[PDB]
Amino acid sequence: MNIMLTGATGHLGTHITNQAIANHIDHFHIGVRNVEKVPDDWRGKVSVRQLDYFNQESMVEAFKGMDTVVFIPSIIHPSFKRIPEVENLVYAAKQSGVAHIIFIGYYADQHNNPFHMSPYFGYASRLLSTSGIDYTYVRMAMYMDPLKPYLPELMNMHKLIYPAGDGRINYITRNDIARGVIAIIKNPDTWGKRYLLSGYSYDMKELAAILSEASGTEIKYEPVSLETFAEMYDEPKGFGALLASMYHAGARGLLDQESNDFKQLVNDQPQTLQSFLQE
C-alpha cells in the first residue's frame, strides 16, 4: 500500500516522517515543493516526489500509483487563498485513482467559529464528502509547541495576554498528533471515520500558572484587547487579526473540545503541558 505524505517538511510533516522512518513503514512517499530541500537524513529512507500545493498538475503526477494520501494543510491565509489546495487535492486524488485520503484538519471549524481559517476547514470537510473518495478526517487541537519559543517573551512581560476571556482551550503536542496519524495509517480498520486528537484543556489562568512554574518566572493572565493583540503581532500583514480571532474563538468557548481518540488509537495518554515544557 503506497502512502504519500504531503507537506512532509513542515512542522507536523517532519514528526510524521521521522516516526514512519523509525517504524520502518513500507512504501512511504513524501511530497515536497522543491526536492533539494529534503533532509539529508531522509535520503534513501523515503521516496521523494515533487509536489506544489498550488500547481494542480504537480499533484496529479505526484499521486500516480498512490493508495493513501495524508494531506497537511498549508499556512496560507486567508481562507480564500488556501481553498485552491483542497480543490487540487480532490482533483488529483480522483484523476490518479487515490483510494483513501487522511486529511489533517484544525478543530476551530464550527459553523459559528470566528477564527479566520474556519471557512477553509468547513469547506475542506464538505468537499471531501462530495468527492466520493474514502477519507479519514482528523481534527487536531491547538499546538503546544509554540509555547516553548514564546516563553522568553512571556517571562519578559510577566504576563500572558491572549484575548481569550475566561474560555478553556484544548492543547496537544505535534508529536502526539503525529502519533495518532501514524496509528491511523497503520490500521485500515480506523479509516473512514472522523477523529479529534485532543490533549488537555486549560483556561488562561491555569495556562499562566503552568508557564510560571516551568520558567520559574511569575506570569499572570492579563489579557489585552483583540485590537491591541492583533496590532502588536501583525506580522506578516493580516496575521495579527487572524491570530487574535483564534483566541476570540476560545473566549466563546469553541476551543474546549475533548475526546479519547488519542488513547483509543495510540493506547496511551497524551503528553501534558507540564511534561512537554519540562522536556
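All residue numbers refer to positions in the sequence shown, first residue = 1.
Stretches compared: 143-151, 68-76. Higher mean C-alpha B-factor in the entry: 143-151. For the pair 33-41 and 54-62, the mean B factor over Cα atoms is greater in 33-41. Residue-level inspection of the entry shows that, of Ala249, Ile210, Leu243, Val224, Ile210 has the top Cα B-factor. Across the residues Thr136, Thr130, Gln110, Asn156, the deposited record lists the maximum Cα B factor for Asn156. Among the modelled residues of its chain, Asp166 has a C-alpha B-factor that falls in the highest third, as given in the PDB entry. The deposited CA B-factor of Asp203 belongs to the highest third of values across its chain. When all modelled residues of the chain are sorted by CA temperature factor, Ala8 is found within the middle third. Split the chain's modelled residues into thirds by C-alpha temperature factor. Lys94 is in the middle one. Among the modelled residues of the chain, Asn88 sits in the lowest third by CA temperature factor in this PDB entry.
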